[PDB]
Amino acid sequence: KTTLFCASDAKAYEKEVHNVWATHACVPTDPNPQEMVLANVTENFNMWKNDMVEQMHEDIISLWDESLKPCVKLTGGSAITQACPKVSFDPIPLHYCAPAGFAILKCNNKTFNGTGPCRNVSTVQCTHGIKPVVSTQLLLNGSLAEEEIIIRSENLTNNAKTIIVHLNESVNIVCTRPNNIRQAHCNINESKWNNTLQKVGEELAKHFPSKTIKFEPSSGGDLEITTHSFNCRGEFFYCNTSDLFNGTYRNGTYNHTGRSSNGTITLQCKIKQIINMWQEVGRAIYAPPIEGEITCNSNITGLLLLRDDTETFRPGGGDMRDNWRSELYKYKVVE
């Protein structure tokens, strides 16, 4: 429909790079914005074909190119070389705002699966604050569904279509390279993982009725999608998830099958310098890791799954727009 603009809450004295970018590219946020219900209106949205996602994707690409410059960038046969300073890197929330003459409709149905008609609807200047968090397999630091877990998919029959599971309760994941310099690990409380895959299996079961629901670690691909990869404090972690996506939900009960220990699942992570870019088809080389404890304490707030009697779900990811979709699903720009 139109060109959106961003409102952030960053300040010009942070050397953190999301702050720097936002202070150049975004306008300050309205202290008290004002909504505008319309609980009879009913309009349709389709999260899977939402231009707001394109615009945000463009902006995050811009952000990363100005903030996480790689020492080397291989695209086609070209290699570009730049200074790759280590930087202060912690994502801040970004608001997307409709400019003069445009408004953002926001669907208020707390169970809205993200496509089709929605009943309660509001008008807003801006989205909520969205932390543009690049990762695969697990979505981190998002907003939780407020009712029940919600399964989103462009077409649940088409197994080639990424499924976004929207959790209603955070699950902590703590990743640390402590004080091999490239080796780290993550801790998830196996009990709350336990429960979470319980409930996720229930919801997947309503969509998949005759069948037993198996979680299995991702088959093949680049490391960035066969492991839970993400950026912590500038460094690209790649964490093994085969003790995480490893479980069976059969008789209305979930049985976890990956190996736990003293009540917590522990993922082996590598920090890596040679990255398969999400922005485009290419490779990006970075400097070896900073020193000391690198630690990220994050909320797993959704999953990205792919489906292959039994239905099997393995972790997925790689198309960063799905991350943005998970947060922008309940908004469209109109007028």
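Here, rigid core means the biggest group of C-alpha atoms that superpose within 1.5 Å across both forms. Sequential numbering from 1, following the sequence displayed.
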Figure out for me whether 159 to 167 or 252 to 260 is the more displaced stretch in 9 other deposited structures of this protein, taking RMS C-alpha distance from the shown form once the rigid core is superposed.
252 to 260
In terms of RMS C-alpha distance in 9 other deposited structures of this protein following rigid core superposition, 287 to 295 and 31 to 39 differ, and the farther one is 31 to 39
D309 preceded by how many uncoordinated deposited residues after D308
4 to 9
Might you work out how many residues are unmodelled in the deposited sequence between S78 and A79, and answer none, 1 to 3, 4 to 9, or 10 or more?
none
Entry B factor averaged over C-alpha atoms, 17 to 25 against 316 to 324: higher for 17 to 25
Would 234 to 242 or 103 to 111 have the larger average of its C-alpha temperature factors, as given in the entry?
103 to 111
Looking at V72, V87, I213, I151, which one carries the largest C-alpha B-factor according to the PDB entry?
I213
The largest CA temperature factor among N299, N276, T266, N46 is found at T266
Considering every modelled residue of the chain and its Cα B-factor in the PDB entry, is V200 in the lowest, middle or highest third?
highest
Ranked by Cα temperature factor within the chain, is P132 in the lowest third, the middle third or the highest third?
lowest
Assert third(CA B-factor, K161) within chain per record equals middle
Please say which third, lowest, middle or highest, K206 falls into when its CA temperature factor is compared across its chain.
middle
Sorting by Cα B-factor within the chain, modelled residues only, which third would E291 end up in: lowest, middle or highest?
middle
